[PDB]
Structure formats: C-alpha cells, structure tokens
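Got a sequence here, can you build the structure:
(chains A and B, ligands or ions: 6)
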Amino acid sequence: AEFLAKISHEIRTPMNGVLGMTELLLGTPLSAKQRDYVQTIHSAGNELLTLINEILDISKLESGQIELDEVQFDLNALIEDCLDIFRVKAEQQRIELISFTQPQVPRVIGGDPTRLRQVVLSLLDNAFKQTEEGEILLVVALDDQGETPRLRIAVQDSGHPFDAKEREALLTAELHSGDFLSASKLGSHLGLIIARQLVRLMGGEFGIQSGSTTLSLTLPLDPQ
Amino acid sequence: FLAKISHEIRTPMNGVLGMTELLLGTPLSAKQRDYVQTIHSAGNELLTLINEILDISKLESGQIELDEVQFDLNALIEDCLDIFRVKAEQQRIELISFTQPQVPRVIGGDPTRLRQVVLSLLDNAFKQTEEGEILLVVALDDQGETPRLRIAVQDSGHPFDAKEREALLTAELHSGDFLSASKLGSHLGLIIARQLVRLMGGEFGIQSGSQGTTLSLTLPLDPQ
Ligand code: NI
Ligand code: NI
Ligand code: NI
Ligand code: NI
Ligand code: NI
Ligand code: NI
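Numbering: from 1, shown residues only, chains lettered A, B, ... in the order given. Ligands and ions are numbered 1, 2, ... in the order given. Please find the structure below.
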C-alpha cells in the first residue's frame, strides 16, 4: 500500500493537466459544438480524477500512512445531506427515499464524517443503479445486541439482489495497489469495494442479507 | 499490453481521448490546439502508466500463463519493425535489422508476449536516442549446453548509469524497494519486458557500453 501512495504524484501529475487545460479551455472562444465537447472532458475527467483520488487515500489508509481523524459531527445532518443529493432526482416516480433515524440514536458521535460520507453515499448510490422501480429506505439505528451499543446503517435494495457467489466475494474484499485496477470481472464496481474497506477500518462489520438486499454497516461507539 | 484496466478508469478516459481525437476536426486557434494536443499526449500517459503498474503486479503474482503455439519468427520480428518505421522516418533515425541464416522460420512459444518484449526494447531505443542507428539482430546462441535463441536490440544512444543498470535487473514490486518514482515512468516497460523473459524460460540482461546500450534476451529455442 506504500507504492500507489509513494508514486501518487505521477498518477496525479498528468491527470492534473487533463483537467488543467479543460477548466482553462472554457475561457477561450469556444463554438457552440466545441463547448459541448470540452465540458465533457471536464465532467468525465473529474469522475475519473475523484476515482483516482478515492483509491489513493484508501491505499494510504491500509498502509497506515494517515489516520482517520476523530471529530464530533452532526450524524443526522450528514445523513439528511446524503439524501439531498438524491432527492433532486427522487421526483422521478417508481422510487421513494425514506429515512428512519430511531429516536435512541445520538445526534452527534465521534468519528470521521468525510469517509463515512462516502460509505453512506456509496451504499445509497448503489441502490439507484439497482432499482428500476420500487422504493429505497435508509435506516439509521443502533442494535443493542452485543456487549456495548453499536450503531447500524442499512439501505434496502430493490432487485436481483445478490449472487450467492457475488456477496461472499464482497465480504472478504481486501485490495492492494495493483488490485485496485485489475478490473476483476466478478463485479462490484470500484465504488462499492472501496466503500466496503473503510467500514472495516473504522471497526464494525459489513452486512448484506439478500432477500427476494440491505447493505448494512455497523460502526462501533462507546456509550456516553 | 496484457492487463485490463478497470471498467471505471478505462471508459471515462476513453471518453476524454475520444474528444481530443474528435475535437481537432473543429477549427481552433494555435494556442487552443496545444491544449487539446497535450490531453491526447498526456491523457495517454496516465492510461499507459496505470496499465504498466498493473502489468508488473500480475507478473509477480503469477496470474499470467503463456501459450505454446507455432508462429513464424521472421514475420513477428519483421512486423514489429514495420510499426516503428513511420516513427523512425521523421526522427532522422535509420533502423536496420539482421536475422541470422540459421535461425528457423517457425518456433513454438507465445507470439503475443514475445511481440510485446520485442516492442518493449525497440521502443526504449527511440525514446533515448536521436541521430543514431538502431539495430535489431536476431541470432541463436550456442554457448549454452543446447542452441538457444537470443534477440539483441542496440542503439547509437545515450548510456544507462551504474544504478539504473542495477535497478532494471534486481528491482521487484511487492518486494523490498522499487528505488524510484521519477525514473521508472520511462523505463517501466523494460522491467515488464524482463518479467516475461524470466518467465519465458531464459535470462534477459543488458550490457551498456560507455555509448551503445544493448538489451539482449536469451530465449530457450524449441528442441529440434
Ligand atoms: Ni513525488
Ligand atoms: Ni469546475
Ligand atoms: Ni447476477
Ligand atoms: Ni458500469
Ligand atoms: Ni492516439
Ligand atoms: Ni504488497
């Protein structure tokens, strides 16, 4: 996990130029059809750059190069924010965003918001690509089961929930430098897997119960 | 190239390069042209790098197996040189090739990788030499206990250092140390080229005369 982080500059350096010219190109006199192409380089280039950025920092985390910072953040305000990106396209029918935050759960807890923001988004975004019609509910509750209260977050999948082989391969997902690029055909897109690894790093477990899927994450916490 | 870059890196970058090849068909100013010209000449660099990084990790891990089929040796070596002739005509370079009288027409092996290794060395020449002559000698080597094939590519080019020579022969990934970040970007395909030959069955070494650098592999020629 040192490697990708060690040579991070040279994976960044040309990509910084691709968007560098692009966010610069918009200022030039662009014709009607030209600007349609240049912004495509902007729009598609970023979603690859963020992917690149998203795989390097997780590569840094498994090495122990950097730490997940512990701060006290508004748990509900983050979740309701996570919904608001998807609520704008929730007006299209045959899907319904539902949020249930059990009254017992705290409003603020100690953890890392940004990396939790990804995992909640990555679990939520997967539900949209899965469901053609239906409704998606996100529960934020704590399961008192266990020696010490632990927080749980789950998202319910609409269709073809999981391959029996496919899920097991998700639970035992550990990716190295080259492994993050190999395009394993088994199929959990990069987005899902990176998301999975973090939820192991912060403690707790990942759970998917496929019933004809509820991508569940159970972070820990100390009772205070 | 024998490693499939991810479904989520290849296709966004596929759209970026698709624009640059398409955008030049549109009238644009000179200063505007360089911006799109680099994205083609730089967006490829990252895509070439991600593949190269991935290729080593697959060679070391052993997930790569070689075909055993009969191919025409002359065509392959003749076909590789046809690629570079257009790149060699502009560059003031005369590339020449000699194939010994004794080396056979057909040998059993893997023609797809052997092309890549021959492509790998042959590219390195043009990368590090101008004004010079590039030569490709194909000749069997009888010094071993049994006749073996060996292919030599040398350039009237600038030599390799004492440490870059040592690095190309010893450095490995998911191992001790890769020794560089800046220096590998150009010479990474040569390590890959070594990985095949070392797997192919014979040793691949480099002897740098202080000017011409000869990169020669020895492949185990078929029994009879
Ligand atoms: Ni650096
Ligand atoms: Ni922007
Ligand atoms: Ni399926
Ligand atoms: Ni896809
Ligand atoms: Ni091209
Ligand atoms: Ni390793």
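
In chain A, which residue sits closest to chain B?
residue A:178 (2.7 Å; C-beta to the nearest C-beta). Using the backbone N, CA and C atoms, a C-beta is placed for each residue, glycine as well.

quick one: contacts for that residue?
B:53, B:54, B:56, B:57, B:58, B:61, B:173 (C-beta atoms under 8 Å, 6 or more residues apart in numbering or on different chains).

and stretch A:114-127, anywhere near chain B?
No: with C-beta under 8 Å from any C-beta of the partner chain as the criterion, chain B is not reached by stretch A:114-127; the gap is at least 12.7 Å.

Let me see the residues that make contact with that stretch.
Outside stretch A:114-127, the residues that reach it (C-beta under 8 Å, 6+ apart) are A:54, A:68, A:78-79, A:81-83, A:85-86, A:136, A:138, A:153, A:155-158, A:191-192, A:194-195, A:198-199, A:202, A:215, A:217, A:219.

re the thing from before, can you name the two of the contacts of residue A:178 that sit furthest apart?
B:53 and B:61 (13.0 Å; C-beta to C-beta).

Of the two, give the one with the bigger neighbour count.
residue B:53 (24 against 14; other C-beta atoms under 10 Å in any protein chain shown).

Domain boundaries for chain A, per the record?
A:1-67, A:68-224 (curated CATH domains).

Could you look up the SS state of residue A:176?
Of the three states, residue A:176 takes coil under DSSP: H, G, I helix; E, B strand; the rest coil.

That one - how many residues pack around it?
Residue A:176, neighbours per other C-beta under 10 Å, totals 15.

hang on, the earlier thing: Throw the domains of chain A into CSV and include distance to residue B:38, thanks.
Formatted as CSV, the domains of chain A follow (distance: least, C-beta to C-beta, whole Å):
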stretch, distance to residue B:38
domain A:1-67, 6
domain A:68-224, 23
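
Any idea which of those gets closest to residue B:15?
Judging the domains of chain A by C-beta to C-beta, what sits closest to residue B:15 is domain A:1-67, at 4.6 Å.

if I pick residue A:152, what's in contact with it?
Residue A:152 neighbours (C-beta under 8 Å, 6+ apart): A:139, A:140, A:141, A:142, A:143, A:216, A:217, A:218, A:219.

Out of those, who's the most crowded?
Each of those was scored for neighbours by other C-beta under 10 Å, and residue A:217 scores highest at 24 neighbours.

And for the nearest residue to residue A:11 once chain neighbours are set aside, the neighbour number?
Counting by C-beta to C-beta, 6 or more residues apart in numbering or on different chains, residue A:52 is the residue found nearest to residue A:11 once chain neighbours are left out, at 6.2 Å. Neighbour count of residue A:52, defined by other C-beta under 10 Å: 18.

what phi and what psi does the backbone show at residue A:52?
phi -60, psi -50 (degrees, to the nearest 10).

circling back: go through the contacts of residue A:152 and name the one nearest residue B:101.
residue A:217 (69.0 Å).

which SS class is the closest one?
strand.

Next up, the contacts around it.
A:119, A:120, A:123, A:152, A:153, A:154, A:199, A:204, A:205, A:206, A:207.

hmm, 7 Å instead?
Contact analysis of residue A:217 by C-beta atoms under 7 Å, 6 or more residues apart in numbering or on different chains lists A:119, A:123, A:153, A:199, A:204, A:206.

Quick check, residue A:65 in contact with residue A:6.
No: Residue A:65 is beyond contact range of residue A:6, at 9.3 Å (criterion: C-beta atoms under 7 Å).

Neighbour count: the two, which is higher?
Using other C-beta under 10 Å as the criterion, residue A:65 and residue A:6 rank with residue A:6 on top: 18 against 14.

Residue A:182 reaches residue B:54, doesn't it?
Yes: with contacts counted by C-beta under 7 Å, residue A:182 reaches residue B:54, the gap being 6.2 Å.

Of those two, which one has the most company?
residue B:54 (24 against 18).

can you confirm the more buried one is in a helix?
Yes: counting by three-state DSSP, residue B:54 is found in a helix.

Report the spatially nearest residue to it, omitting neighbours in sequence.
Nearest one to residue B:54, counting by C-beta to C-beta, 6+ apart, is residue B:3 at 4.4 Å.

Next up, identify which helix or strand the residue with the largest distance to the centre of chain A is on.
Within chain A, the residue lying farthest from the chain centre (C-alpha atoms, centre = their mean) is residue A:29, at 37.5 Å. For residue A:29, there is no helix or strand it lies in under DSSP states H and E.

Torsion angles phi and psi at it?
Dihedral angles of residue A:29 (phi, psi; degrees, to the nearest 10) stand at phi -70, psi 90.

Give me the residue at the spatial middle of chain A.
Short answer for chain A (C-alpha atoms, centre = their mean): residue A:122, at 2.8 Å.

mind checking which helix or strand that one is in?
Going by DSSP H and E, residue A:122 is in helix A:113-130.

just to revisit the earlier point, how close does the residue farthest from the centre of chain A sit to residue B:22?
19 Å (C-beta to C-beta, to the nearest Å).
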